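Read through the structure below, which is laid out as structure tokens, and then see the notes.
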Amino acid sequence: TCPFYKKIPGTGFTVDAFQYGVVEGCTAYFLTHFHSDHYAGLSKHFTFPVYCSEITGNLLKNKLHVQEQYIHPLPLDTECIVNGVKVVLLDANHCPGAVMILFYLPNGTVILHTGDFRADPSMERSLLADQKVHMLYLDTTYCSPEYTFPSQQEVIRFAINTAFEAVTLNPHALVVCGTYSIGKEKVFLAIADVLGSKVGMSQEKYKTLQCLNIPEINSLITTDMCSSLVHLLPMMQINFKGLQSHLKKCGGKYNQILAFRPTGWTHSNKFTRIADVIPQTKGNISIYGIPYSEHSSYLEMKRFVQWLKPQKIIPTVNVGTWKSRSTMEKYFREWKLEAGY
Ligand code: NI
């Protein structure tokens, strides 16, 4: 049954609540972003209103074949009325088309649902700064101080440099980049741009990336694998067997693979700097796991909340164990006491 943390009080609304069937008393279903754990449930047979970003609307229509009469895309940064309630959608700094939702209840309560996000100081100058927020439904994915990671920019620099050096040393080396959902597109686009290649990929993937409004996209991606020296594969294939296989398929065009796995966090982060990252190598194949995160670090989360000063915090990730809940409530209380709200 739909859990409490996916329900918005004083409304007919739910958030990311498509896998419970008809939810008693839900008049509109909000979808923060196109990741499977959040859209699980949607298909062509859905006949309730769905509210979401334009990009999320492109993917619903094209990938899951939702009928257009049921997709209600909204512009970001704009006050809109849905079943008599004022709402705004804000950039969540997550994957393309990912949003946070502000709800302005009739009674004067204000609710912010972050959906999934990576907190940034740039958010401190959106429409959030203009009024008080009473309740916050918080993406707590990395709510613990062991979770530190580098900026997205330093990680991309590491990857551009690594790849440019490899292929310049050996122009017969192929670069591979794993994917299994939208997001983290900058990894493979920035590598391809420094190497003066297009990124080649399967048709289903090319379809997906065409839904995202990325500027100059036709210039950067292709389904012609042959003309490309940066290839995207499913994450599951990013291993020595999967990569020997793919190298066989390229017909003596290449003699070396350099491959990249964007992971969220890996415990090498507590000890190791981004400068210091090394690959796993077998023969003529090397695999780099790089810490490219689209969720908040513990410090970026703490700073956001301390800035926002919510009256109540409702965690939406890691809720399923008592030891996790308890740990999180401790940190919420720490942050409050430290900042004085
Ligand atoms: Ni997500």
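Numbering-wise (the deposited numbering), the sequence shown opens with residue 700 and increments by one. Note that the Cβ used here is the ideal one computed from N, Cα and C, for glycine as well.
Check	Outcome
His737 and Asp715 closer than 7 Å at C-beta	yes
Three-pair Cβ contact test at 8 Å for the region 848-856 versus the region 924-934	no
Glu1037 to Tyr1030 span [Cα, whole Å]	10 Å
Inter-residue spacing [alpha-carbon to alpha-carbon] between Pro990 and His966	10 Å
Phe717 to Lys762 span [Cα, whole Å]	16 Å
Close Cβ partners of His812 (< 6 Å) along its chain, the five nearest in sequence each way excluded	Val714, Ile800, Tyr836
beta-carbon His734 near ligand 1 non-hydrogen atom, thresh 6 Å	yes
Sequence ranges, beta strand (DSSP E) only - wholly within the region 819-901, length at least 3	834-837, 872-878
Contiguous beta strand (DSSP E) assignments of at least 3 residues, all confined to the region 965-991	979-981, 984-990
Where the alpha helix (DSSP H) containing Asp736 begins and where it ends	735-738
Proximity winner among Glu999, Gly756, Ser901, relative to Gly877 (alpha-carbon distances)	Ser901
Pairwise C-alpha distance: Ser927 and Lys981	24 Å
Alpha-carbon spacing of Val765 relative to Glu753, whole angstroms	14 Å
Helix, strand or coil at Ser752 [DSSP, three-state]	strand
Counted within 10 angstroms of its Cβ, other Cβ atoms place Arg960 as buried (16 or more) or exposed	buried
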